[PDB]
Amino acid sequence: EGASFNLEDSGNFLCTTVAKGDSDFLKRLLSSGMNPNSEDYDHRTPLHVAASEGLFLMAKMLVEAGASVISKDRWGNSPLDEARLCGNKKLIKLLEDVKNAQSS
Amino acid sequence: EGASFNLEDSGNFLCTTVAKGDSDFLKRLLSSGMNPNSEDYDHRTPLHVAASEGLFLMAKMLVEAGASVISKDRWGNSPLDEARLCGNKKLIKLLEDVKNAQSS
Amino acid sequence: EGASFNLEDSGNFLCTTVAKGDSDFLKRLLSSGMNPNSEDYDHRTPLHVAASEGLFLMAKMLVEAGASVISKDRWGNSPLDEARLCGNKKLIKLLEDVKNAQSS
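As presented, residues are numbered from 1 along each chain according to the written sequence, a scheme that may differ from that of the entry, and residues lacking coordinates are left out. Throughout, the order in which chains and ligands are written sets their labels, letters from A for the former and numbers from 1 for the latter. What you see is one piece of a larger assembly, and the values refer to that piece, not the whole. The basis for every side-chain value is the complete set of non-hydrogen atoms in the structure, without hydrogens or water.

What follows covers helix α5 (residues 79–86) of chain C. Residue and element names in this part refer to chain C. In this scheme, a residue with accessible area under 20% of its type's maximum is buried, one over 50% is exposed, and one in between is partly exposed, where area comes from a 1.4 Å probe on protein chains only. Here a strand is any run of E in DSSP of at least two residues, a helix any run of H or I of at least four, and the numbering for each starts at the N terminus. Those residues of α5 not exposed but buried are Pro79, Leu80, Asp81, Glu82 and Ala83. Considering only its buried residues, α5 is in contact with α3 (46–52) and α6 (89–103). In the stretch just after α5, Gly87 is the one whose phi turns positive, near 105 degrees. Should any heavy atoms of two residues lie within 4.5 Å, those residues are considered in contact.

Let's shift gears to the interface of chain B and chain C. Taken residue by residue, the interface counts 20 residues in chain B and 19 residues in chain C. Throughout, the accessible surface (probe 1.4 Å) given up by two parts as they are put together, summed over both, is called the buried area. The largest per-residue losses of area from chain B upon contact with chain C belong to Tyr41, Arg74 and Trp75 of chain B, which jointly make up 45% of the total buried on that side. Salt bridge, as used here: a side-chain nitrogen of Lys or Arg that lies within 4 Å of a carboxyl oxygen of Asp or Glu. Linking chain B with chain C are four salt bridges, by the criterion used here. For the salt bridge of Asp42 of chain B with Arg44 of chain C, the shortest nitrogen-to-oxygen distance reads 2.9 Å.

The volume enclosed by the largest pocket comes to roughly 780 Å³. Site definitions follow a grid-based scheme: protein atoms alone, a 1 Å grid, a 1.4 Å probe that fits but cannot get out for cavities, and for pockets an open set with protein on both sides within 12 Å along at least five of seven lines, plus lining residues having an atom within 4 Å of a point. Lining the largest pocket are 36 residues, and of these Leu57 of chain A together with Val18, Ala19, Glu53 and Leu55 of chain B lie nearest its centre. At four residues, the largest contribution of residues to the lining of the largest pocket is made by helix α1 (residues 10–20) of chain B. Residue polarity is assigned by list, with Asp, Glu, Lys and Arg as charged and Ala, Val, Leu, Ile, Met, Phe, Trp, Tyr, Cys and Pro as nonpolar; anything else, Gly included, falls into the polar class. Class assignment of the residues belonging to the lining of the largest pocket gives a composition of 13 nonpolar, 13 polar and 10 charged. Grid points are joined across faces, edges and corners, and a volume is the space filled by probe spheres set on the points.

And the structure:
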């Protein structure tokens, strides 16, 4: 059909979906067609909150099919910087190489 | 009607599940009455393996199911010790507080 | 007819088979050709699991399957080192011989 989710505050819903850790629900949203680059009310991509309190592979999938690890936040904390704020050195290194790919 | 799981190497199933990162399937399992303290071949409960990966969200869901934090794995690492191993402050204080509450 | 499992969790399926300490199944599927070098969530080959189990017979069968005895794990323990920690001196020497050959 192609009719997208057509959701107001789509960034908010995706960000909360990460917040609820709905791994397969997130993958379902991306597979059905939904850009996880849309920033939330604090101008945070769902990738920002995946970097801060989201899963390794869930964050990596958010990168795929539309996302910006280089996207400065409302405070200038891009997803790599968001992972730094979390202190998630695992996600920090993953976002280092992911950001190296993504900045291009 | 009171159904049961009686599932072959249930601990292996849950350790595999958290390995795959399908948080939703693990949610169905635990909410349906899984065994959050089922040690695998390596004497690791689902909390052990989730903490070892560093998946604080999956480990939090397991804790919501009352996963053990006192029993140790095959390498002398209780889920608290594996939580400290992952180095994620969230899961660390979560499992420390779980230990303190489990004391009672 | 060129049968292949094409199953997920190949190494971890091997780990569950070792977990039940059951030899016939392991031998027949390793003959069928599932990779014994695959590592599970614990980043351990099935040979790692058998070595930590001190299962001399199961371990050597996994060696004939081609599982790496030099490969380390999440804790840095090779099957040789896992057997050393387990205390099966016979298995220690067996894995030492194979590991030295494979190291070469």
